[PDB]
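**Q** Below is the structure I would like to discuss, written out as structure tokens.
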Amino acid sequence: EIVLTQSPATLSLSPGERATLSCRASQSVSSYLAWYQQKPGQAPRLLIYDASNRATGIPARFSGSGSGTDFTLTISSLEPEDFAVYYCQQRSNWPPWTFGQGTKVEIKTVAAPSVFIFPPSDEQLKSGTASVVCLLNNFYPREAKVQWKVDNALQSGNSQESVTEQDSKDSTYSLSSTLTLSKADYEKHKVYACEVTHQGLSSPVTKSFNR
Amino acid sequence: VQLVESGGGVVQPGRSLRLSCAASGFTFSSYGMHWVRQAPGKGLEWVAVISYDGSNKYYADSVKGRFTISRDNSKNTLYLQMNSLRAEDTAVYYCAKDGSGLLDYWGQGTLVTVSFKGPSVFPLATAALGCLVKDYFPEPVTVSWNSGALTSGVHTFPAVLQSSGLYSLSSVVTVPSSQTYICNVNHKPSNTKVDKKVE
């Protein structure tokens, strides 16, 4: 195969603005790169085919360019409809036709996350499992991770995080790291901490709770 | 033109399925057909191809001796007989028309999921509280807060498939200390609607 690498990972613009997307390759793919717009809950659609061409029905705000490895899709006057996920595909070394991992044109500063922790219920603790939850509220940028700790014992891979899309106003993100233990192992311990590390915090931050 | 799929549903590791992309709007024979797929959350991955009459066929790796494409140039449809189905394959299947390697026309997709139970909702006590929607299949879910009243400060987190195959998400709200709070959880896919007060 041939690797197609897109970026930005996401565009955050309000209508009217100009959005520039990029699709880079590992080899020359000539002027054989196509673009795909995939509105929400819908199906992929042909935008610019070959790198400058606009398939039937496509407006002019969509402009394509590049030759070789580096390309660029350009949407000059963003419209509420143009807010979708844009894909790039190469049709040089066929097969396999490889695709770019996407770019989402989303709508409408470094803020340290506000941390909270949530002890397990009881209605849960009867089935036999305990789910401790950590919450990292509204923070920028995204990159930031959680290290759970069961009595100052770095924990490994028994947690699972989720992240909201970028808020339109704050320009932030949120995160739900859930540590899942047995009720037994749970009763077998003491301090349940969640150490948060993030760019907007000169000092790492913790939130704990003896049970 | 109109490329439209069928065949999707739930199937478990081992079993197989068969789709089909029926054609209208055109002369289905003068074009090469395609199969592309979107694994929930990820992006685009092409799966296989077939030509004008049907002798040439190149597959994506990750398959064959598993995936087998075909077509009936007389009644206008495109086929894909999946077998050996795995988790990895859980995805939305598209069939695009070839131009070349130029899928100039797509279909609305069909969903194939590889894995039926309702969620066990538990409470998570400015402040911050929420609900833990746990162990349910399949997706999706919807969590409201106070029947649509509490909207500002809500963060329903995208969910996480677990080692069991039962999804579990979280929805949290940030409220100014000091009023009753209830989260409205509804798993339309299994008829499990659940409210849970929070204190």
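In the structure tokens, chains take the letters A, B, ... in the order shown, each chain's residues start at 1, and ligands count up from 1 in the order shown.
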Considering only C-alpha atoms, tabulate each residue of chain A that lies at most 8 Å from chain B along with its nearest interatomic pair and the corresponding distance in Å to one decimal; arrange the rows by chain and ascending residue number and present them as a Markdown table.
**A**
```
| residue | atom | partner | partner_atom | distance |
| --- | --- | --- | --- | --- |
| A:34 | CA | B:102 | CA | 7.6 |
| A:42 | CA | B:108 | CA | 6.3 |
| A:43 | CA | B:108 | CA | 5.2 |
| A:44 | CA | B:106 | CA | 6.4 |
| A:45 | CA | B:106 | CA | 6.5 |
| A:46 | CA | B:104 | CA | 5.7 |
| A:49 | CA | B:102 | CA | 7.6 |
| A:55 | CA | B:104 | CA | 7.8 |
| A:87 | CA | B:44 | CA | 7.7 |
| A:91 | CA | B:101 | CA | 5.5 |
| A:94 | CA | B:101 | CA | 7.4 |
| A:95 | CA | B:58 | CA | 7.1 |
| A:96 | CA | B:60 | CA | 5.8 |
| A:97 | CA | B:46 | CA | 6.6 |
| A:98 | CA | B:45 | CA | 7.0 |
| A:99 | CA | B:44 | CA | 6.0 |
| A:100 | CA | B:44 | CA | 7.4 |
| A:101 | CA | B:43 | CA | 5.5 |
| A:102 | CA | B:43 | CA | 6.3 |
| A:116 | CA | B:128 | CA | 7.5 |
| A:118 | CA | B:124 | CA | 5.8 |
| A:119 | CA | B:124 | CA | 7.3 |
| A:120 | CA | B:124 | CA | 7.4 |
| A:121 | CA | B:123 | CA | 6.3 |
| A:123 | CA | B:122 | CA | 7.1 |
| A:124 | CA | B:122 | CA | 6.7 |
| A:160 | CA | B:160 | CA | 7.1 |
| A:161 | CA | B:160 | CA | 7.6 |
| A:162 | CA | B:157 | CA | 5.9 |
| A:163 | CA | B:157 | CA | 6.1 |
| A:164 | CA | B:157 | CA | 5.6 |
| A:174 | CA | B:155 | CA | 7.5 |
| A:175 | CA | B:157 | CA | 7.4 |
| A:176 | CA | B:157 | CA | 6.8 |
```
**Q** Give me every strand (DSSP E) residue in stretch 12-180 of chain B, going by DSSP on the backbone, as JSON, numbers by chain.
**A** {"B": [17, 18, 21, 22, 33, 34, 35, 36, 37, 38, 45, 46, 47, 48, 49, 50, 68, 69, 70, 71, 72, 77, 78, 79, 80, 81, 82, 91, 92, 93, 94, 110, 111, 112, 113, 114, 120, 121, 122, 123, 124, 129, 130, 131, 132, 133, 134, 135, 136, 143, 144, 145, 154, 155, 156, 167, 168, 169, 170, 171, 172, 173]}
**Q** Compile the contact shell of residue B:112 as a PyMOL selection string: residues with an atom at most 6 Å away, counting only C-alpha atoms, same-chain residues fewer than 5 positions apart removed.
**A** chain B and resi 8-9+90-92
**Q** Hey, what's within 10 Å of residue A:143 if we count only C-alpha atoms and toss same-chain stuff fewer than 2 positions away? As a ChimeraX atom specification, please?
**A** /A:139-141,145,173,197-199
**Q** Store the residues picked out above in a file with N, CA and C atoms, as a compact mmCIF listing (two decimals), in the first residue's frame.
**A**
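So the final result, stored in selection-v7.txt, reads:
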```txt
# COMPACT_ATOMS: atom_id res chain seq x y z
N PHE A 139 -10.68 21.86 28.86
CA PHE A 139 -9.24 22.20 28.82
C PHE A 139 -8.68 22.22 27.39
N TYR A 140 -7.72 23.10 27.14
CA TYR A 140 -7.11 23.18 25.83
C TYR A 140 -5.60 23.25 26.01
N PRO A 141 -4.85 22.55 25.15
CA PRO A 141 -5.33 21.74 24.03
C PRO A 141 -5.77 20.33 24.39
N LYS A 145 -3.15 13.27 29.30
CA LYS A 145 -3.62 11.97 29.74
C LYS A 145 -3.66 11.71 31.24
N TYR A 173 -11.98 20.81 25.34
CA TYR A 173 -12.24 19.39 25.28
C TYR A 173 -12.53 18.90 26.70
N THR A 197 -2.08 15.15 34.07
CA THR A 197 -0.93 15.87 33.54
C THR A 197 -1.44 16.69 32.36
N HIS A 198 -1.12 17.99 32.32
CA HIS A 198 -1.58 18.83 31.22
C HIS A 198 -0.85 20.16 31.10
N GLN A 199 -0.56 20.52 29.85
CA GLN A 199 0.15 21.74 29.46
C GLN A 199 -0.23 23.03 30.20
```
**Q** Can you tell me, as a list in words, what residues are no more than 6 Å from residue A:178 when counting only C-alpha atoms, ignoring any on the same chain fewer than 2 positions away?
**A** residues 132, 133, 159 and 160 of chain A
